[PDB]
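A short write-up of the structure that comes next.
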Number of protein chains: 2
Amino acid sequence: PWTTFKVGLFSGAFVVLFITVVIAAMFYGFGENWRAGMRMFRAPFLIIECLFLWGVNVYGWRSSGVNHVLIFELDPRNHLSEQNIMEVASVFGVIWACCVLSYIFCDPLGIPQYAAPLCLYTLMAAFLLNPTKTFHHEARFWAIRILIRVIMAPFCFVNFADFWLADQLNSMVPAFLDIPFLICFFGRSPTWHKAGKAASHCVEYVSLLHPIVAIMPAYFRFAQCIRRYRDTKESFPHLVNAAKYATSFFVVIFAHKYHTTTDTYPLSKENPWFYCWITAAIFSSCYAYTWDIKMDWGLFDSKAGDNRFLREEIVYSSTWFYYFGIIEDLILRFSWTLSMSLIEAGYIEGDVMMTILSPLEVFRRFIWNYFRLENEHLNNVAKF
Amino acid sequence: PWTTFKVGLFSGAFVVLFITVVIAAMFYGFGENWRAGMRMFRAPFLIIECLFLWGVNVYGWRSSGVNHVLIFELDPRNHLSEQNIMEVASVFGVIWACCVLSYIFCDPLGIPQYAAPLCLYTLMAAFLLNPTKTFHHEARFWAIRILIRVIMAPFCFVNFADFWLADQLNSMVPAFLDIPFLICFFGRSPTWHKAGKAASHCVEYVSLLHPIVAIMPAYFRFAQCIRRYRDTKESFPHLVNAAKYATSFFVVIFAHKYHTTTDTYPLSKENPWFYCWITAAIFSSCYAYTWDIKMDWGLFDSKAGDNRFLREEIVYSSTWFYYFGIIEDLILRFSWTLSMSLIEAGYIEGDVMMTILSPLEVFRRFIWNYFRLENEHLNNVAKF
């Protein structure tokens, strides 16, 4: 009731403020180092999005006949509920938009230019890592403990939570890429002072590490799979899924060299490292496509379910949903192969295209969380 | 559920957009004739406010043990519900803010300057006077039929609905004052073209009629009272309440002459018409104060109810509410006597102070609708 009403006030405020952000950025300008800005304000946006989308997902799991409780291993007693999570996420969104606007309008307010993002990160960290027993305490400590288990992927036992959150983290890549930039930028120059034109020296470290961070959310994944294979003597599913993440680290590392090889790369076509890159990509894309549509979601049924191409039993009433889902995953998982063309083509360049793309990836992970949980529910009711 | 969620999206959008309006008006400017703008966009704002406040009021009547159904004479079957009304009002608010923003930013969009308000009024009129049988049809036709009965105040029989809505209209004065301006401005110059500097000739008709429109919402009131006295031979309540509205037309007409008398009025103090004006005002204010606090709301009890100064029985749990209410009505009903000082003092001038004040008046009518319905409920349960 009151919570729902809150969630809608903050949603509307988020939408209007995010429009006013984009307007402000297009016309008034994003500051002296727009690039720095974008890199600072990527990660909080995608975390918030991930929040809000898990809240909508929770709602959906409740509305459908899915045992959210069982599969997550959460005490029946405490469940963040799909209004609470959506409240939190919206509140956080309004706070992000406000800090962004402080950002753009630093000089009129008199506030220093880098105070707003670093405030944002302060408030977030305070919320997440709150040692008190106040509201939502059990949720946070569970989230922390699962993230822990994630980050210690090889040695810790794999649960379904570890499943979910490690895949989530592999979706939300750009935070991992941004963290090195934030380190650099705050080691080189402090806030309460602006730029210094050294802020154009962190980017010039071209992310020699980029690949490590880029792969590290897939790495945790990989090591989870190795773990699982160690534990269960069965080798097919987990080894396949491993071999796909191997291909994912391949594509990423090849990649760098395309970009890297500014010598004898004049002509794209030249320097067959790129063509190998391309090819590794399409390979990895179609691999990961096939894997998730066949086992993740169990679609394309041997069991010759009447409903078309799908399993005999569908928790969700609507069948266009799965048809939506298939298309969506197709398009968006292809997005990276599809994505380079613009940069290559002299169209919008650099980081920015990864900014634009990243929310779409998180949304498709959203959808994939729908279908994975559906397929886990329906397996676990099959078994009993 | 979905409605509630909507109501909160549009509420948040309304708040953010109304902030962006005020910013835009302060810095970017409100157009060539700001005065014309203000006069056009007063009335829709106060209608919307009145909508949204009756919706919150409905909510409150439901939450409390008040028979909203009975006293209004509405079929048990159809009741706009405190989410529907609040939806409509919010939707309308977002549309107002958008038209206002089109207004301010006419030249960048290329749209003509006066198209947005006249669109606004089109959409409103289409909604209210919709001859179809689509959603909320019964509500609108009831609203129309009660407004009818209002406007034909002497000859039609008085109900409690006629009560409520006629008092409401006496609150929402500035729409009555604005309608003549809109007539003038659209008789003199049409839209799809801007100003012409004749737009500064309607204001120069200084509202020679102003007093008629100003009094006409109190007039309908007055004639209702006469009606009631005609019907019920009892003469005390209705004659008193009449005599107060008489004083209200006195204050209004005196007033004009203060303003009017630009000759031998240099020195305020001079031209004892003003001092008479003042005095009529304080008189009318304290009259109308006393009337509403003693009979409207039944406070100050002979019946020596323990709860302080109030009746023995209070539907609302909270007693600070009534203590809030008393103060509120005091302050805000005094507002007009209190209000001239600024204009007189060379501080913010003219129409604008009536813009600022008017939402506060509507909010206090809101509160008074609380207490009147409470007092009617508690009388009607007393009787049976």
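Just remember, in the structure tokens the first chain shown is A, the second B, etc., residues are 1-based per chain, and ligands are 1-based in the order shown.
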
Please provide the set of residues having any atom within 9 Å of segment 307-312 of chain B, restricted to only C-alpha atoms, with same-chain residues fewer than 6 positions apart removed, written as a list in words.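 The contact residues come out as residues 298, 299, 300, 301, 319 and 322 of chain B.
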
Quick check: residues of chain A within 9 Å of chain B, only C-alpha atoms, returned as a ChimeraX atom specification. /A:1,4-17

Based on the selection just made, write C-alpha atoms of those residues as a CSV table (one decimal), in the first residue's frame.
```csv
chain,number,residue,atom,x,y,z
A,1,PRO,CA,0.0,0.0,0.0
A,4,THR,CA,3.8,0.5,-3.4
A,5,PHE,CA,2.9,4.1,-3.5
A,6,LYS,CA,6.5,5.1,-2.6
A,7,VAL,CA,7.8,2.7,-5.2
A,8,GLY,CA,5.7,4.5,-7.8
A,9,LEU,CA,6.8,8.1,-6.6
A,10,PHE,CA,10.4,7.2,-6.9
A,11,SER,CA,9.9,5.4,-10.2
A,12,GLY,CA,8.3,8.4,-11.7
A,13,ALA,CA,11.0,10.6,-10.2
A,14,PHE,CA,13.7,8.3,-11.6
A,15,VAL,CA,12.2,8.4,-15.2
A,16,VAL,CA,11.8,12.2,-15.2
A,17,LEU,CA,15.3,12.7,-13.7
```

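Of the listed residues A:169, A:129, A:267, A:327, the one whose atoms come nearest to residue 216 of chain A is A:169, with distances taken using only C-alpha atoms.
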
I need the residue nearest residue 67 of chain A from this list: A:79, A:134, A:329, A:217. Use only C-alpha atoms for the distance.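 Comparing A:79, A:134, A:329, A:217 against residue 67 of chain A, the winner is A:79.
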